[PDB]
$ cat protein.cif   # mmCIF, N, CA and C atoms and all ligand atoms
data_final
loop_
_atom_site.label_atom_id
_atom_site.label_comp_id
_atom_site.auth_asym_id
_atom_site.auth_seq_id
_atom_site.Cartn_x
_atom_site.Cartn_y
_atom_site.Cartn_z
N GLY A 26 -1.65 16.03 -16.50
CA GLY A 26 -0.89 15.04 -17.28
C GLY A 26 -1.75 14.40 -18.37
N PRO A 27 -1.11 13.75 -19.36
CA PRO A 27 -1.79 13.11 -20.48
C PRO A 27 -2.53 11.84 -20.05
N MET A 28 -2.28 11.36 -18.83
CA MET A 28 -2.93 10.17 -18.29
C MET A 28 -4.34 10.48 -17.81
N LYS A 29 -5.18 11.05 -18.70
CA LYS A 29 -6.55 11.43 -18.38
C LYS A 29 -7.48 10.21 -18.40
N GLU A 30 -6.91 9.02 -18.18
CA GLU A 30 -7.64 7.77 -18.28
C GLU A 30 -7.15 6.79 -17.22
N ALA A 31 -7.19 7.22 -15.95
CA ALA A 31 -6.75 6.40 -14.84
C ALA A 31 -7.81 5.34 -14.52
N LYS A 32 -7.54 4.09 -14.92
CA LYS A 32 -8.46 2.97 -14.69
C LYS A 32 -8.34 2.45 -13.26
N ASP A 33 -8.53 3.33 -12.28
CA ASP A 33 -8.47 3.00 -10.86
C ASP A 33 -9.77 2.33 -10.40
N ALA A 34 -10.15 1.25 -11.08
CA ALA A 34 -11.39 0.54 -10.83
C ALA A 34 -11.15 -0.97 -10.78
N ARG A 35 -10.23 -1.39 -9.91
CA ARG A 35 -9.88 -2.80 -9.73
C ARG A 35 -9.78 -3.15 -8.25
N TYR A 36 -10.86 -2.88 -7.52
CA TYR A 36 -10.96 -3.15 -6.10
C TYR A 36 -12.27 -3.86 -5.77
N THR A 37 -12.18 -5.16 -5.51
CA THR A 37 -13.33 -5.99 -5.20
C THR A 37 -13.77 -5.83 -3.75
N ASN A 38 -12.84 -5.91 -2.79
CA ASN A 38 -13.13 -5.74 -1.37
C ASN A 38 -12.02 -4.95 -0.66
N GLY A 39 -11.28 -4.13 -1.41
CA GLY A 39 -10.29 -3.22 -0.86
C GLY A 39 -8.87 -3.56 -1.31
N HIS A 40 -8.65 -4.79 -1.80
CA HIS A 40 -7.34 -5.19 -2.28
C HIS A 40 -7.12 -4.94 -3.75
N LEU A 41 -5.90 -4.48 -4.05
CA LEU A 41 -5.48 -4.21 -5.41
C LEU A 41 -4.96 -5.50 -6.02
N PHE A 42 -5.75 -6.12 -6.89
CA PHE A 42 -5.35 -7.36 -7.52
C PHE A 42 -4.70 -7.10 -8.87
N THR A 43 -3.39 -7.30 -8.92
CA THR A 43 -2.57 -7.10 -10.11
C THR A 43 -2.20 -8.45 -10.73
N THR A 44 -2.26 -8.53 -12.06
CA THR A 44 -1.97 -9.76 -12.78
C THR A 44 -0.49 -10.13 -12.67
N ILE A 45 -0.26 -11.37 -12.25
CA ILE A 45 1.06 -11.96 -12.09
C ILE A 45 1.25 -13.07 -13.12
N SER A 46 2.44 -13.67 -13.13
CA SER A 46 2.79 -14.73 -14.06
C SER A 46 3.26 -15.95 -13.26
N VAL A 47 2.31 -16.74 -12.77
CA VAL A 47 2.59 -17.93 -11.99
C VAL A 47 3.30 -18.96 -12.87
N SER A 48 4.58 -19.21 -12.56
CA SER A 48 5.39 -20.20 -13.26
C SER A 48 6.17 -21.02 -12.24
N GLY A 49 5.44 -21.63 -11.30
CA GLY A 49 6.03 -22.41 -10.22
C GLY A 49 4.95 -22.82 -9.21
N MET A 50 5.38 -23.27 -8.03
CA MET A 50 4.46 -23.69 -6.98
C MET A 50 3.66 -22.50 -6.46
N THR A 51 2.37 -22.47 -6.78
CA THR A 51 1.45 -21.42 -6.35
C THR A 51 0.14 -22.04 -5.87
N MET A 52 -0.51 -21.42 -4.88
CA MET A 52 -1.76 -21.92 -4.31
C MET A 52 -2.80 -20.81 -4.20
N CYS A 53 -4.03 -21.13 -4.62
CA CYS A 53 -5.16 -20.23 -4.62
C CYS A 53 -5.63 -19.96 -3.19
N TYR A 54 -5.48 -18.72 -2.73
CA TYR A 54 -5.94 -18.34 -1.41
C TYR A 54 -7.47 -18.31 -1.35
N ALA A 55 -8.13 -18.56 -2.48
CA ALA A 55 -9.58 -18.63 -2.53
C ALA A 55 -10.12 -20.03 -2.83
N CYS A 56 -9.27 -20.94 -3.32
CA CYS A 56 -9.68 -22.31 -3.58
C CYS A 56 -8.76 -23.33 -2.92
N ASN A 57 -7.88 -22.86 -2.04
CA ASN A 57 -6.98 -23.59 -1.15
C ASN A 57 -6.22 -24.71 -1.86
N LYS A 58 -6.04 -24.57 -3.17
CA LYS A 58 -5.42 -25.57 -4.03
C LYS A 58 -4.43 -24.94 -5.00
N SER A 59 -3.58 -25.77 -5.60
CA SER A 59 -2.52 -25.33 -6.48
C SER A 59 -3.06 -24.67 -7.76
N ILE A 60 -2.65 -23.41 -7.99
CA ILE A 60 -2.97 -22.68 -9.21
C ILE A 60 -2.16 -23.24 -10.37
N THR A 61 -2.83 -24.01 -11.24
CA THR A 61 -2.22 -24.54 -12.45
C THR A 61 -2.58 -23.64 -13.63
N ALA A 62 -2.26 -22.36 -13.48
CA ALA A 62 -2.56 -21.31 -14.44
C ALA A 62 -1.26 -20.61 -14.85
N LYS A 63 -1.33 -19.75 -15.87
CA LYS A 63 -0.18 -18.94 -16.27
C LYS A 63 -0.36 -17.50 -15.80
N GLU A 64 -1.52 -17.20 -15.21
CA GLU A 64 -1.86 -15.89 -14.68
C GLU A 64 -2.65 -15.98 -13.38
N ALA A 65 -2.21 -15.20 -12.40
CA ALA A 65 -2.84 -15.12 -11.09
C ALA A 65 -2.90 -13.66 -10.62
N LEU A 66 -3.51 -13.41 -9.46
CA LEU A 66 -3.64 -12.08 -8.88
C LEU A 66 -2.97 -12.01 -7.51
N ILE A 67 -2.41 -10.85 -7.17
CA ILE A 67 -1.75 -10.61 -5.90
C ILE A 67 -2.15 -9.27 -5.28
N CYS A 68 -2.39 -9.27 -3.96
CA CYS A 68 -2.64 -8.05 -3.19
C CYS A 68 -1.30 -7.58 -2.64
N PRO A 69 -0.81 -6.39 -3.03
CA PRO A 69 0.46 -5.87 -2.56
C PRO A 69 0.41 -5.53 -1.07
N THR A 70 -0.74 -5.75 -0.42
CA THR A 70 -0.92 -5.41 0.98
C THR A 70 -1.25 -6.63 1.85
N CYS A 71 -1.64 -7.75 1.24
CA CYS A 71 -1.93 -8.97 1.98
C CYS A 71 -1.31 -10.21 1.33
N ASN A 72 -0.54 -10.01 0.26
CA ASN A 72 0.31 -11.02 -0.35
C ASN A 72 -0.41 -12.35 -0.62
N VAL A 73 -1.61 -12.28 -1.20
CA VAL A 73 -2.40 -13.45 -1.56
C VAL A 73 -2.17 -13.80 -3.02
N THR A 74 -2.57 -15.00 -3.42
CA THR A 74 -2.48 -15.43 -4.81
C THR A 74 -3.72 -16.22 -5.19
N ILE A 75 -4.43 -15.83 -6.26
CA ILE A 75 -5.67 -16.48 -6.66
C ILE A 75 -5.72 -16.73 -8.17
N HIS A 76 -6.64 -17.61 -8.59
CA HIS A 76 -6.81 -18.07 -9.98
C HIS A 76 -7.23 -16.97 -10.97
N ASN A 77 -6.98 -15.70 -10.67
CA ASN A 77 -7.43 -14.59 -11.48
C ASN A 77 -8.93 -14.66 -11.77
N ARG A 78 -9.70 -15.30 -10.89
CA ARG A 78 -11.15 -15.22 -10.97
C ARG A 78 -11.81 -15.48 -9.62
N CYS A 79 -11.03 -15.88 -8.62
CA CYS A 79 -11.58 -16.23 -7.31
C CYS A 79 -11.45 -15.06 -6.32
N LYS A 80 -11.51 -13.82 -6.82
CA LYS A 80 -11.36 -12.63 -5.99
C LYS A 80 -12.68 -12.17 -5.41
N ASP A 81 -13.77 -12.79 -5.85
CA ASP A 81 -15.11 -12.47 -5.37
C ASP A 81 -15.51 -13.38 -4.21
N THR A 82 -14.51 -13.95 -3.54
CA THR A 82 -14.72 -14.68 -2.29
C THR A 82 -13.63 -14.36 -1.27
N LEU A 83 -12.64 -13.56 -1.67
CA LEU A 83 -11.65 -13.00 -0.76
C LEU A 83 -12.25 -11.90 0.10
N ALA A 84 -12.03 -12.01 1.41
CA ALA A 84 -12.49 -11.08 2.42
C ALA A 84 -11.89 -9.68 2.22
N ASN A 85 -12.41 -8.69 2.94
CA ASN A 85 -11.92 -7.31 2.88
C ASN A 85 -10.41 -7.26 3.04
N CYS A 86 -9.75 -6.29 2.41
CA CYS A 86 -8.30 -6.19 2.41
C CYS A 86 -7.72 -5.85 3.79
N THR A 87 -8.57 -5.90 4.82
CA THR A 87 -8.14 -5.77 6.21
C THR A 87 -8.70 -6.94 7.03
N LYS A 88 -9.04 -7.99 6.30
CA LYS A 88 -9.45 -9.28 6.81
C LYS A 88 -8.73 -10.38 6.02
N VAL A 89 -7.70 -9.97 5.28
CA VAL A 89 -6.76 -10.86 4.60
C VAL A 89 -5.38 -10.70 5.21
N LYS A 90 -4.90 -9.46 5.34
CA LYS A 90 -3.59 -9.24 5.95
C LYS A 90 -3.62 -9.53 7.45
N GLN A 91 -4.82 -9.75 7.99
CA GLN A 91 -4.98 -10.21 9.36
C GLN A 91 -4.76 -11.72 9.45
N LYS A 92 -4.32 -12.33 8.35
CA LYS A 92 -3.85 -13.71 8.33
C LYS A 92 -2.57 -13.85 7.49
N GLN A 93 -2.24 -12.84 6.68
CA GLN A 93 -1.07 -12.90 5.81
C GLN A 93 0.09 -12.01 6.28
N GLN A 94 0.06 -11.51 7.51
CA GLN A 94 1.17 -10.76 8.07
C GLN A 94 1.82 -11.51 9.23
N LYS A 95 2.99 -12.09 8.96
CA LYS A 95 3.75 -12.85 9.96
C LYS A 95 4.56 -11.95 10.89
N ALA A 96 4.12 -10.70 11.03
CA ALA A 96 4.76 -9.73 11.91
C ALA A 96 3.70 -8.98 12.71
N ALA A 97 2.63 -9.69 13.08
CA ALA A 97 1.50 -9.14 13.81
C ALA A 97 1.08 -10.07 14.95
N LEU A 98 0.53 -9.49 16.01
CA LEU A 98 0.05 -10.21 17.18
C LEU A 98 -1.32 -10.82 16.86
N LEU A 99 -1.35 -11.64 15.80
CA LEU A 99 -2.53 -12.35 15.33
C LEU A 99 -2.91 -13.50 16.27
N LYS A 100 -3.11 -13.19 17.55
CA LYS A 100 -3.49 -14.16 18.57
C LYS A 100 -4.60 -13.59 19.45
ZN ZN B 1 -8.97 -20.44 -6.71
ZN ZN B 2 -5.03 -6.73 0.58
#
$ encode --input "protein.cif" --output "structure tokens" --more "lines below"
Ligand SMILES: [Zn+2]
Ligand SMILES: [Zn+2]
Amino acid sequence: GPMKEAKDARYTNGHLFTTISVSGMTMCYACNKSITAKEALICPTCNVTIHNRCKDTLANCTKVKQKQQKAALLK
């Protein structure tokens, strides 16, 4: 395919952080406070939200969904 430029290089600790458009009540899963930004990041596998710069303190993407999955025996 013509997509000979796959920028598959956006993994800090296993989570895929994609740019979102925070326009409402949002909280930084890395700074435990309200994201007053117009852009944030989300892991499609652990459903976190961060200030689009606090991803270098988020745990491995199998140590985030171990707190962000309300359908697991997390006890
Ligand atoms: Zn933050
Ligand atoms: Zn994740």
$ residues_around --input "protein.cif" --residues "residue 59 in chain A" --least-positions-apart "4" --cutoff "8 Å" --atoms "all atoms listed in the file" --output "compact mmCIF listing (two decimals) with N, CA and C atoms, in the coordinates of the input"
# COMPACT_ATOMS: atom_id res chain seq x y z
N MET A 50 5.38 -23.27 -8.03
CA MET A 50 4.46 -23.69 -6.98
C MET A 50 3.66 -22.50 -6.46
N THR A 51 2.37 -22.47 -6.78
CA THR A 51 1.45 -21.42 -6.35
C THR A 51 0.14 -22.04 -5.87
N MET A 52 -0.51 -21.42 -4.88
CA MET A 52 -1.76 -21.92 -4.31
C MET A 52 -2.80 -20.81 -4.20
N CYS A 53 -4.03 -21.13 -4.62
CA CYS A 53 -5.16 -20.23 -4.62
C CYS A 53 -5.63 -19.96 -3.19
N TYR A 54 -5.48 -18.72 -2.73
CA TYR A 54 -5.94 -18.34 -1.41
C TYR A 54 -7.47 -18.31 -1.35
N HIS A 76 -6.64 -17.61 -8.59
CA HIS A 76 -6.81 -18.07 -9.98
C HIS A 76 -7.23 -16.97 -10.97
$ residues_around --input "protein.cif" --residues "range 41-47 of chain A" --least-positions-apart "3" --cutoff "8 Å" --atoms "only N, CA and C atoms" --output "list in words"
residues 35, 36, 37, 38, 50, 51, 60, 61, 62, 63, 64, 65, 66, 67, 68, 69, 70, 71, 77 and 86 of chain A
$ atom_distance --input "protein.cif" --atom1 "CA of residue 57 in chain A" --atom2 "CA of residue 75 in chain A"
9.1 Å
$ residues_around --input "protein.cif" --residues "residue 90 in chain A" --least-positions-apart "2" --cutoff "9 Å" --atoms "only C-alpha atoms" --output "compact mmCIF listing (two decimals) with N, CA and C atoms, in the coordinates of the input"
# COMPACT_ATOMS: atom_id res chain seq x y z
N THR A 70 -0.74 -5.75 -0.42
CA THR A 70 -0.92 -5.41 0.98
C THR A 70 -1.25 -6.63 1.85
N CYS A 71 -1.64 -7.75 1.24
CA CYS A 71 -1.93 -8.97 1.98
C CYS A 71 -1.31 -10.21 1.33
N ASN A 72 -0.54 -10.01 0.26
CA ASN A 72 0.31 -11.02 -0.35
C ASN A 72 -0.41 -12.35 -0.62
N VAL A 73 -1.61 -12.28 -1.20
CA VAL A 73 -2.40 -13.45 -1.56
C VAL A 73 -2.17 -13.80 -3.02
N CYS A 86 -9.75 -6.29 2.41
CA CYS A 86 -8.30 -6.19 2.41
C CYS A 86 -7.72 -5.85 3.79
N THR A 87 -8.57 -5.90 4.82
CA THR A 87 -8.14 -5.77 6.21
C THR A 87 -8.70 -6.94 7.03
N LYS A 88 -9.04 -7.99 6.30
CA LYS A 88 -9.45 -9.28 6.81
C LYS A 88 -8.73 -10.38 6.02
N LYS A 92 -4.32 -12.33 8.35
CA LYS A 92 -3.85 -13.71 8.33
C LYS A 92 -2.57 -13.85 7.49
N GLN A 93 -2.24 -12.84 6.68
CA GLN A 93 -1.07 -12.90 5.81
C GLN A 93 0.09 -12.01 6.28
N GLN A 94 0.06 -11.51 7.51
CA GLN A 94 1.17 -10.76 8.07
C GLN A 94 1.82 -11.51 9.23
$ closest_residue --input "protein.cif" --among "A:34, A:89, A:56, A:28" --to "ligand ZN 1 (chain B)" --atoms "only N, CA and C atoms and all ligand atoms"
A:56
$ atom_distance --input "protein.cif" --atom1 "atom C of residue 74 in chain A" --atom2 "CA of residue 30 in chain A"
27.6 Å
$ closest_residue --input "protein.cif" --among "A:32, A:95, A:100, A:55" --to "residue 82 in chain A" --atoms "all atoms listed in the file"
A:55
$ closest_residue --input "protein.cif" --among "A:58, A:39, A:26, A:31" --to "residue 80 in chain A" --atoms "only C-alpha atoms"
A:39
$ atom_distance --input "protein.cif" --atom1 "atom N of residue 81 in chain A" --atom2 "atom C of residue 40 in chain A"
10.5 Å
$ select_by_dssp --input "protein.cif" --residues "chain A" --states "strand (DSSP E or B)" --output "ChimeraX atom specification"
/A:36,41,43-45,52,59,65-67,74-75
$ write_last_selection --input "protein.cif" --atoms "N, CA and C atoms" --output "PDB file, keeping the file's coordinate frame"
ATOM      1  N   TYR A  36     -10.860  -2.880  -7.520  1.00  0.00           N
ATOM      2  CA  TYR A  36     -10.960  -3.150  -6.100  1.00  0.00           C
ATOM      3  C   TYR A  36     -12.270  -3.860  -5.770  1.00  0.00           C
ATOM      4  N   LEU A  41      -5.900  -4.480  -4.050  1.00  0.00           N
ATOM      5  CA  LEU A  41      -5.480  -4.210  -5.410  1.00  0.00           C
ATOM      6  C   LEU A  41      -4.960  -5.500  -6.020  1.00  0.00           C
ATOM      7  N   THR A  43      -3.390  -7.300  -8.920  1.00  0.00           N
ATOM      8  CA  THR A  43      -2.570  -7.100 -10.110  1.00  0.00           C
ATOM      9  C   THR A  43      -2.200  -8.450 -10.730  1.00  0.00           C
ATOM     10  N   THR A  44      -2.260  -8.530 -12.060  1.00  0.00           N
ATOM     11  CA  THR A  44      -1.970  -9.760 -12.780  1.00  0.00           C
ATOM     12  C   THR A  44      -0.490 -10.130 -12.670  1.00  0.00           C
ATOM     13  N   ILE A  45      -0.260 -11.370 -12.250  1.00  0.00           N
ATOM     14  CA  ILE A  45       1.060 -11.960 -12.090  1.00  0.00           C
ATOM     15  C   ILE A  45       1.250 -13.070 -13.120  1.00  0.00           C
ATOM     16  N   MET A  52      -0.510 -21.420  -4.880  1.00  0.00           N
ATOM     17  CA  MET A  52      -1.760 -21.920  -4.310  1.00  0.00           C
ATOM     18  C   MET A  52      -2.800 -20.810  -4.200  1.00  0.00           C
ATOM     19  N   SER A  59      -3.580 -25.770  -5.600  1.00  0.00           N
ATOM     20  CA  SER A  59      -2.520 -25.330  -6.480  1.00  0.00           C
ATOM     21  C   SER A  59      -3.060 -24.670  -7.760  1.00  0.00           C
ATOM     22  N   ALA A  65      -2.210 -15.200 -12.400  1.00  0.00           N
ATOM     23  CA  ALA A  65      -2.840 -15.120 -11.090  1.00  0.00           C
ATOM     24  C   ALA A  65      -2.900 -13.660 -10.620  1.00  0.00           C
ATOM     25  N   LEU A  66      -3.510 -13.410  -9.460  1.00  0.00           N
ATOM     26  CA  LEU A  66      -3.640 -12.080  -8.880  1.00  0.00           C
ATOM     27  C   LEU A  66      -2.970 -12.010  -7.510  1.00  0.00           C
ATOM     28  N   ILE A  67      -2.410 -10.850  -7.170  1.00  0.00           N
ATOM     29  CA  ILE A  67      -1.750 -10.610  -5.900  1.00  0.00           C
ATOM     30  C   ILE A  67      -2.150  -9.270  -5.280  1.00  0.00           C
ATOM     31  N   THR A  74      -2.570 -15.000  -3.420  1.00  0.00           N
ATOM     32  CA  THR A  74      -2.480 -15.430  -4.810  1.00  0.00           C
ATOM     33  C   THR A  74      -3.720 -16.220  -5.190  1.00  0.00           C
ATOM     34  N   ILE A  75      -4.430 -15.830  -6.260  1.00  0.00           N
ATOM     35  CA  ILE A  75      -5.670 -16.480  -6.660  1.00  0.00           C
ATOM     36  C   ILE A  75      -5.720 -16.730  -8.170  1.00  0.00           C
TER      37      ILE A  75
END
$ axis_aligned_box --input "protein.cif" --around "range 88-98 of chain A" --padding-each-side "3 Å" --output "JSON"
{"center_x": -2.3, "center_y": -10.9, "center_z": 10.9, "size_x": 20.2, "size_y": 11.9, "size_z": 18.6}
$ closest_residue --input "protein.cif" --among "A:79, A:27, A:85, A:99" --to "ligand ZN 2 (chain B)" --atoms "all atoms listed in the file"
A:85
